[PDB]
Amino acid sequence: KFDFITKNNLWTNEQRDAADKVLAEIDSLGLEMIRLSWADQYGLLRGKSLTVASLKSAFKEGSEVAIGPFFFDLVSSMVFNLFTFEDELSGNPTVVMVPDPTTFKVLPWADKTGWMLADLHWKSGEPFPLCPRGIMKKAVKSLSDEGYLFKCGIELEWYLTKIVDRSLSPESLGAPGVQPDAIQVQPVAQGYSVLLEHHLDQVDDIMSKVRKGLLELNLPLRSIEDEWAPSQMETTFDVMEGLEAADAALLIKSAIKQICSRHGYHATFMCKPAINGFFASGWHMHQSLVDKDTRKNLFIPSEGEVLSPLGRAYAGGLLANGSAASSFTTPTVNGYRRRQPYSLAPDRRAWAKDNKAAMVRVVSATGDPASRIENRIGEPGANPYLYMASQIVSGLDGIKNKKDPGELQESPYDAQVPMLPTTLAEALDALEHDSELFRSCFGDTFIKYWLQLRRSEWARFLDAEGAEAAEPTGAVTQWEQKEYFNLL
Amino acid sequence: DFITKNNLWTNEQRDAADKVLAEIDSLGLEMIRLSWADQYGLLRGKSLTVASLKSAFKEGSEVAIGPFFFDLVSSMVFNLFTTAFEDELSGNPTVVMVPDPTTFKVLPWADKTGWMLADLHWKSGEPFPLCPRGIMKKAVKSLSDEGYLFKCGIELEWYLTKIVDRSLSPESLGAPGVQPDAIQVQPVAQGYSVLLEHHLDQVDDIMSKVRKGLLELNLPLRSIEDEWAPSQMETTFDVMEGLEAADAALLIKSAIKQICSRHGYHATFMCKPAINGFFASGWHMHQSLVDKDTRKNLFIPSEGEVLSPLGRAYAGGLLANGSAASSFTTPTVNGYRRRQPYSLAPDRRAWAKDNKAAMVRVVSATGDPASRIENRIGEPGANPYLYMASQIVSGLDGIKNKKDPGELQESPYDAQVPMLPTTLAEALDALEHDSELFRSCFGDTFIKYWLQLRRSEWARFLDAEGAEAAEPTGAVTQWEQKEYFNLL
Ligand SMILES: Nc1ncnc2c1ncn2[C@@H]1O[C@H](COP(=O)(O)OP(=O)(O)NP(=O)(O)O)[C@@H](O)[C@H]1O
Ligand SMILES: Nc1ncnc2c1ncn2[C@@H]1O[C@H](COP(=O)(O)OP(=O)(O)NP(=O)(O)O)[C@@H](O)[C@H]1O
Ligand SMILES: [Mg+2]
Ligand SMILES: [Mg+2]
Ligand SMILES: [Mn+2]
Ligand SMILES: [Mn+2]
Ligand SMILES: [Mn+2]
Ligand SMILES: [Mn+2]
C-alpha cells in the first residue's frame with residue numbers, strides 16, 4: 001500500500017510509537033470498529049467508521065473523504081458550488097484524513113468501538129486550509145515560537161432534557177436547505193434553585209452515566225453542578241494544554257450528547273433553547289500562559305498587580321480583538337441572546353477583577369498559580385478549535401504589540417468602552433472591517449470562506465424571522481430552535 | 001494551601017482528611033458532594049471528582065454567594081450586580097468552600113458518591129458572616145466558654161406521599177420570583193389513628209428503605225412512628241451534641257427526601273401542606289446542658305423541683321426570647337398555621353411539666369439523666385443551625401440573667417402569659433423591636449440581612465393572598481404550597 005504519511009512526513013516519532021500502541025490495544029480489547037473523525041466548521045464531528053483492517057491501511061495511506069461538509073451549512077444549503085481552489089472556493093476535491101494516533105479513545109457507550117481524530121490534507125500533502133484543528137495547530141505553534149504554552153480550563157453549561165419524540169416521521173425530515181423538526185423534549189427537573197444538591201441527585205440516574213463515560217475517556221472531569229435554570233447543568237474540567245484541550249472539549253461535547261441519546265435523553269449546547277424557562281448557557285474560557293521550559297504560570301501577579309505585565313498585555317489583546325473574534329467565540333445566531341446587560345454575560349470590551357459583568361474577568365492573587373483570565377464571551381456551541389485559537393491569537397497579538405487593557409472597570413455595565421456585537425451579522429461586520437490579524441493567523445482563504453458561509457446563514461435567519469427578531473432580548477425564534485437544538 | 005495558610009483545620013480535621021481520602025480510594029468512589037446549608041437550611045454546593053476533592057483539601061472550592069441573595073423562588077432580594085459588604089449587602093463576591101472532613105459520609109442511595117459539608121470563608125480567610133453553620137459554631141463556642149455542651153434529641157415529623165406528577169412541563173417551571181408548580185402527590189395511608197402499628201407495616205416497603213439509609217449513614221436512629229394525621233410520620237434519634245447534632249438534622253432531612261424521591265415518593269417537612277386531611281407537623285427540640293468536664297446532665301432536678309436551678313433559668317431564657325426567636329424556630333409563613341390553641345402546639349410563652357399544650361415542656365424525674373426541656377415551638381422546615389443556635393442563645397441568656405420562667409401552667413391554653421406571634425410578619429416585628437440578644441450572638445450583619453430577606457418574602461405572600469389569609473386557623477393557601485412543598 002502507498003505510504004502517504006511517511007512520504008509527506010505527517011507523523012512524528014511520538015505519533016508512530018502511539019500508532020503501534022493503538023493497534024496493540026485494538027487487538028488486546030477485541031475492538032471491531034474505529035471511528036475516524038474531524039470537526040467541521042461548526043465543531044461537529046464528521047468522518048467514517050472503519051474496521052480494524054481498514055484502520056491498519058489508513059495508518060499508511062490515510063482515508064479519502066470529500067470536502068462536502070465544509071461547503072454545506074447546518075441544514076445542507078449549498079453555499080459553495082460543489083459542481084464547478086483558494087481563489088474560487090468551489091468544487092468537491094478529495095482530501096485525505098490522516099489519523100492522529102495520539103488522540104485514540106475507546107468509546108464506553110458503544111459496542112467494541114474505538115475513536116480517533118484525523119487531520120485533513122490535500123493529496124499533494126499540504127494541510128487543507130479550512131480544517132479548524134489545523135488553525136488551532138497554527139495558533140499553538142505561533143505561541144510555542146514565542147516561548148509559551150496555552151493552559152485552558154473548560155467550563156461548559158448545557159441543557160439535559162428527556163426525549164419525547166425524535167421527529168423521525170418523513171414529514172419532519174426537512175430537505176437540503178430546509179430545517180427538519182426539532183426533537184421534542186421534556187425538562188428533567190425544576191430550577192431557579194441554584195446549586196441545589198437535591199437537583200444533582202434527581203438527575204443522577206443519567207448524569208452518573210455521563211460522569212462515568214467522561215471519566216472512562218480519561219477526561220479530567222472536575223465538577224458537576226446544578227445551574228440556575230430548570231434542567232441547566234454545568235460541567236467543569238481541570239486545566240489542559242493547547243490542541244489536547246481543544247480535542248478534549250470536542251470529545252466532551254460529543255460524549256455528553258451520545259451518552260444522553262443512548263439512554264433516551266437529549267443534551268444540547270445550544271445557547272438558549274426555545275423552551276419556556278430556559279436561560280442562556282455560556283462557555284467561559286479560563287486561560288493562562290506557562291513558560292515552555294520552566295512550566296511556570298507567567299500570569300501570576302506580584303503585590304500591587306492584578307496580573308503580570310505579560311498577562312496584562314494578553315488581556316489587552318483579548319479586549320482589542322473581542323469584536324473581530326466574536327463570530328468565532330459566538331458563532332450561532334442564538335448565542336447573541338447573551339449580549340445584554342445585567343446578565344453576568346458581557347455586552348462590552350471591558351476587563352475587571354472578579355466582576356462577572358466583564359468580558360475579561362481576572363481571577364488572581366499574588367503568587368497563586370490559579371491566577372488566570374476568564375473570557376466570559378463564548379457560547380457552549382462554539383467550535384472548540386476556533387474559540388481557543390481566537391483566544392491564543394488575540395492574546396498573543398496583545399503581547400507582541402504591547403496592548404494596554406486600560407483601567408479595570410468597577411461597573412462593567414456602565415463602562416465607557418466599546419460595545420460588543422449584538423448580532424451575528426454585527427460580529428461578521430466587525431471581522432470584515434478589522435480582518436488583518438485573523439487573516440494573518442487563520443489564513444486569508446479561511447476568512448473569505450467563513451465570511452461567505454456565515455453571511456449566508458444570517459440571510460436565511462433574516463428571511464425566516466425578520467430583522468426585529470434579532471434583538472438580543474427578544475424571544476428565541478423557531479428558526480434558532482430548528483437550526484441548533486438537535487445538532488449542537 | 002488556603003486551609004493551612006489560614007489555620008482552618010484542627011489536627012483532628014487533618015487526620016480525618018487522611019482517612020477520608022483513604023476511604024474514597026478503598027471504596028472506589030467517583031464523586032464527592034461538597035455542600036453547605038443556605039439561609040433556608042437547603043443544601044447547596046457542587047459535586048466534585050476525586051482529583052478535584054484532593055485539590056479542594058488544599059485550596060478549597062470557589063463558589064458564588066448567589067443563593068444567600070435569592071429567596072426560595074430566586075427573587076433577587078439583594079442586588080447581585082452592584083459591587084459593595086456588611087453595610088451594603090449587595091454584590092456577588094466569590095467565597096471559598098472549605099471542606100470539613102469530619103462530616104464525610106457515603107450516600108447509600110447514590111452511585112459511588114461521598115458527601116461532605118463545607119464552611120464558607122472570604123478569600124481573606126475570615127468566616128463568611130451569613131453562613132448559618134458558622135452561627136451555630138459561634139453559639140456552641142459561646143456555650144462552651146461557660147463550661148457547657150448542648151445535648152439535643154432530634155424529633156422530626158414529616159409527610160410521606162407518593163408522586164403522581166413531578167410538574168416538569170415547561171409551563172410549570174415558573175421563573176425568577178415566580179413559584180413553579182407544586183409536585184402532585186397521593187397519600188400513602190389513612191390516619192387519625194395515632195401510633196397504629198398496622199400503619200407502620202402498611203408503609204414499610206418504602207419506610208424500610210428510609211430506615212436502612214439512615215442506619216447506613218451511621219445516624220443514631222431511635223424510632224419510627226405513625227403520627228396522628230394520614231401519611232404523617234415521625235422519626236426520632238438518640239441524643240447528639242452541638243454542631244454534630246445540627247449537621248445530623250440537616251443530613252437526616254436531606255437523606256429522607258432523596259431516598260423517597262429515588263423510589264417515586266415525596267417527603268416533605270413543610271409544616272402543613274395544602275392537602276385535605278393533613279394536620280400540621282412539628283419539630284420539638286429536646287435539649288439538655290451537660291458539664292464540659294464531668295459530662296453530667298446539669299438539668300437533673302432534685303426532689304421538689306422539676307429542673308435544677310440552672311435548667312429553670314435556661315427555660316426562663318427560652319420563654320423570654322421565644323417571640324424574638326420565632327422567625328428562626330418557625331421561619332416559614334406556613335409554620336404559623338401551628339400558632340393556635342387546642343392543637344398540641346404552643347400559642348403562648350408558657351412552661352409546664354409534661355403538658356403538650358405548653359411551649360416549654362419539662363420531662364424529668366428526680367435523679368433522672370433523661371431530664372430535659374422540650375421546646376415544642378419549632379417547625380420541621382426550620383434551618384437546623386438557626387433553630388438550635390436560637391435555643392442555645394435563649395437558654396444561655398436565661399442562665400446569665402437568672403431569668404425566672406414563673407409558675408408551671410396546668411392549663412397552658414388558659415395561661416396569663418405573653419402570646420406568641422401568629423404570623424411571620426409578627427415574628428419579624430418581635431425580632432426587630434427586640435434584637436439586641438440575637439444581634440450580639442448571630443451578628444448585626446446577619447440580623448440586618450435576615451430581616452430584609454424575610455420581610456421581602458412576607459410581602460410576596462401578602463400581595464398574593466392578602467392579609468386576611470394569614471389567620472392561623474385559615475385554610476392553607478396555594479402560595480404556601482407553591483413556596484414550600486417541593487423544596488422543604
Ligand atoms: N492557571 C489557570 N489557567 C487556566 N485555567 C485555570 C487555571 N487555574 C484554574 N483554572 C480553571 O478555571 C476554572 C474555574 O472555573 P469555576 O470553578 O467554574 O469558577 P469560575 O469559573 O471562576 N466562576 P463562575 O462563572 O461563576 O462559574 C476550572 O476550569 C479550572 O481548571
Ligand atoms: N438528656 C436529654 N437531653 C436531650 N434530649 C434527650 C435527653 N434524653 C432524651 N432525649 C431525647 O428526647 C427525645 C424524646 O422524644 P420522644 O420519645 O418522641 O418524646 P416525647 O417528648 O414523649 N414526644 P411526643 O409524645 O411526640 O410529644 C429523643 O430524641 C431522645 O433522644
Ligand atoms: Mg463555574
Ligand atoms: Mg414524639
Ligand atoms: Mn455557570
Ligand atoms: Mn465561569
Ligand atoms: Mn409527635
Ligand atoms: Mn415531642
Side-chain angles (χ1 to χ4, degrees), chain A residues 151-153 155 157 194-195 223 225 227-228 234 236 239 282-288 297 299-308 311-312 314-316 318-319 322 341-378 395 405-415 417, chain B residues 2 5-6 46 56 59-69 76 78-98 120-130:
Chain A
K151 294 292 169 150
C152 176
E155 177 189 23
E157 301 179 337
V194 76
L195 303 178
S223 70
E225 310 170 14
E227 250 304 337
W228 195 26
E234 182 168 334
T236 74
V239 170
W283 182 1
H284 314 154
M285 185 148 284
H286 295 257
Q287 325 168 36
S288 64
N297 174 353
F299 284 15
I300 298 174
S302 34
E303 271 316 0
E305 272 173 340
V306 77
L307 287 178
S308 69
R312 192 180 203 267
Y314 191 94
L318 289 182
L319 296 184
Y342 305 112
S343 53
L344 299 190
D347 67 339
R348 58 199 82 180
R349 286 141 57 181
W351 79 316
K353 175 72 139 53
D354 196 62
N355 192 303
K356 285 163 182 193
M359 168 192 172
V360 178
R361 163 173 176 262
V362 175
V363 185
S364 76
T366 308
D368 188 351
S371 298
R372 63 188 186 275
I373 281 168
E374 169 194 57
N375 191 342
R376 295 173 71 81
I377 195 174
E407 285 324 289
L408 291 148
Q409 308 292 326
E410 275 273 71
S411 312
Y413 291 140
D414 305 303
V417 295
Chain B
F2 181 81
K5 157 193 145 227
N6 303 278
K46 309 171 188 188
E59 71 204 304
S61 189
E62 293 174 347
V63 71
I65 63 153
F68 284 99
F69 281 176
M76 200 188 55
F78 309 81
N79 198 340
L80 290 155
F81 299 106
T82 38
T83 201
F85 172 79
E86 300 193 26
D87 180 68
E88 338 220 23
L89 256 14
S90 78
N92 193 18
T94 293
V95 288
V96 180
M97 309 180 41
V98 176
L120 300 179
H121 293 253
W122 299 112
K123 274 174 168 181
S124 71
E126 303 302 319
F128 182 67
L130 308 186

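Proteins come first, then strands; the chains are lettered A, B, ... in the order of their sequence lines, and each starts at number 1.
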CD of A/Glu305 to OG1 of A/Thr366: how many Å apart, nearest 0.5 Å?
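One gets 8.5 Å once the value is rounded to the nearest 0.5 Å.
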Once you round to the nearest 0.5 Å, how far does CG of A/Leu344 lie from NZ of A/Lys356?
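Result: 7.0 Å between the selected atoms.
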Pairs meeting criterion ring-ring contact (aromatic ring centres under 6.0 Å, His included) with involvement of residues 358-378 of chain A, two or more places apart
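Listed by first then second residue: nothing to list.
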Taking all non-hydrogen atoms of both residues into account, name the closest pair between [X] and [Y] and its distance.
X        : Y        : result
A/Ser364 : A/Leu307 : CB-CD2, 4.4 Å
A/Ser288 : A/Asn297 : CB-OD1, 3.8 Å
A/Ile300 : A/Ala365 : CG2-O, 4.5 Å
B/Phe68  : B/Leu130 : CE2-O, 3.3 Å

Can a donor-acceptor pair be found, under 3.5 Å and without considering hydrogens, that links the side chain of A/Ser371 to the backbone of A/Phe299?
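Answer holds: no.
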For the side chain of A/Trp351 and the backbone of A/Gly316, is there at least one donor-acceptor N/O pair under 3.5 Å apart?
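No: the side chain of A/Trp351 does not pair with the backbone of A/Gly316.
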Partners meeting side chain to side chain contact (heavy atoms under 4.5 Å, CB included) with [X] (sequence neighbours left out):
X        : value
A/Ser308 : A/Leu310
B/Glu126 : B/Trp122, B/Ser124
A/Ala415 : A/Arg348, A/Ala350, A/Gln409, A/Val417

What residues form a side chain to side chain donor-acceptor pair (under 3.5 Å) with [X], not counting sequence neighbours?
X        : value
A/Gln287 : A/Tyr314, A/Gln391
A/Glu410 : none
A/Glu227 : none
A/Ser223 : A/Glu225, A/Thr236

Are B/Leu120 and B/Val63 close enough that some pair of their side-chain heavy atoms sits under 4.5 Å apart?
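In short, these two side chains touch, coming nearer than 4.5 Å.
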Is any side-chain heavy atom of A/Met359 closer than 4.5 Å to one of A/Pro412?
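Side chain of A/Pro412 against side chain of A/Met359, heavy atoms only: no contact under 4.5 Å found.
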Can you list the residues that meet the salt bridge (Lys or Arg N to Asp or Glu O under 4.0 Å) rule with A/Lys151, with sequence neighbours excluded?
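Here the qualifying residues are A/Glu241.
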So which pairs with a foot in residues 361-377 of chain A pass salt bridge (charged side-chain N to carboxylate O under 4.0 Å, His left out), sequence neighbours left out?
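Those involving residues 361-377 of chain A are A/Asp354-A/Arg361, A/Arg361-A/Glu374, A/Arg372-B/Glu62, A/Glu374-A/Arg376.
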Excluding sequence neighbours, so at least two apart, what forms ring-ring contact (aromatic ring centres under 6.0 Å, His included) with A/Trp283?
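A/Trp283 satisfies ring-ring contact (aromatic ring centres under 6.0 Å, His included) with A/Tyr387 once adjacent residues are dropped.
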Name each donor-acceptor pair under 3.5 Å that joins a side chain in residues 78-96 of chain B to protein atoms two or more places apart or in another chain, with its distance.
from	atom 1	to	atom 2	distance (Å)
B/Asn79	OD1	B/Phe81	N	3.0
B/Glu86	OE1	B/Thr445	OG1	3.0
B/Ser90	OG	B/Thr82	O	2.8

